[PDB]
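Below you will find one chain, with nothing else, as structure tokens; this is the form deposited in one PDB entry, and questions on how it binds or moves follow later.
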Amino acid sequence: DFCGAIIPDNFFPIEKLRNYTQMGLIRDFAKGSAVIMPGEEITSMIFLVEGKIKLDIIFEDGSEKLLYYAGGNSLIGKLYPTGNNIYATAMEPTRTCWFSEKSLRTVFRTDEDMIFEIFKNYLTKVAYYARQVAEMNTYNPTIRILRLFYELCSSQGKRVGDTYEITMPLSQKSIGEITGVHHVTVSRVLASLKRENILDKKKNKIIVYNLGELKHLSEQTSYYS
């Protein structure tokens, strides 16, 4: 029914795969440990039973960038070699379940629906990243930040009297990483939005005091203002 993500965190979780972790291999990591080491070739799907993984790509010159965050019931779909150098670290004590190709056949023979759940999980990732490429080719950095707050507000902002609240803990550093904008530009833009009384990004909530202005500004070509 719907394969969408506004942010690259907890893409299409598959809670029913917890009924089949006995067909796969349990593997616990300590906080701070590598689930996937730089240069490690992975050929398993990795189901996250409990915890939190940060998953990054590393370029040849050593540059490192965020791809996504993974939480409980997330799926790392690295069953085959891809050409990318991936580094995935446990942000907390984390339980995984490693599903090889053979082990997946065993799961599908028991439950043919899990096939389509995995397709949904992949589709969601492709829809996210393909749009993000096209969005970066269409809107300027500062506009992409406004567009993110508008879309989170539309999709998950709760009306609370005069305002909308987005119940979400989200740092400026991550906003920058997700939107591809320098963290100092992120600080500047939020300063503006705050002092103009449009939006306040707090520790655990973003509060939108003025959605129609937020939206209007997101429709311009810059908000380096």
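Residues that one form lacks are left out of the comparison. Take the two forms, superpose them, and find the largest set of C-alpha atoms that agree within 1.5 Å; that set is the rigid core. All residue numbers are counted from 1 along the displayed sequence.
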(request) Check whether residue 136 has no coordinates in at least a third of the other compared PDB entries of this protein, counting only entries that model residues on both sides of it. (result) yes
(request) Sort the modelled residues of this chain by their C-alpha B factor and say whether residue 147 lands in the lowest, middle or highest third. (result) middle
(request) Could you say whether, by C-alpha temperature factor, residue 11 belongs to the lowest, middle or highest third of its chain? (result) middle
(request) Among all modelled residues of this chain, ranked by Cα B factor, put residue 32 in the bottom, middle or top third, i.e. lowest, middle or highest. (result) middle
(request) Please place residue 56 in the lowest, middle or highest third of its chain by C-alpha B factor as given in the entry. (result) lowest
(request) Relative to the other modelled residues of the same chain, rank the CA B-factor of residue 133 and answer lowest, middle or highest third. (result) lowest
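In what follows, reference is made to the form deposited in another entry, a form of this protein that is not presented.
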(request) Considering only 86, 107, 75, 153, single out the residue whose C-alpha is displaced by at least 2 Å between the shown form and the other one after superposing the rigid core. (result) 153
(message) For a quick test of reading the superposition: does residue 197 move by 2 Å or more at the CA between the shown form and the other one, rigid core aligned?
(response) yes
(request) Indicate whether residue 164 shows a C-alpha shift of 2 Å or more between the shown form and the other one, with the rigid core used for the fit. (result) yes
(message) Quick check on residue 180: with the core superposed, does its CA move 2 angstroms or more between the shown form and the other one?
(response) yes
(request) Looking in that other deposited form, decide if the C-alpha atoms of residue 167 and residue 55 are closer or farther than in the form shown; they differ by 3 Å or more. (result) farther
(request) Kindly indicate if, in that other deposited form, the C-alpha atoms of residue 171 and residue 36 are closer or farther apart than in the structure shown, bearing in mind the change is 3 Å or more. (result) farther
(request) Could you point out the stretches of 3 or more consecutive residues whose C-alpha atoms all move by 2 Å or more between the shown form and the other one when the rigid core is superposed? (result) 128-133, 141-220
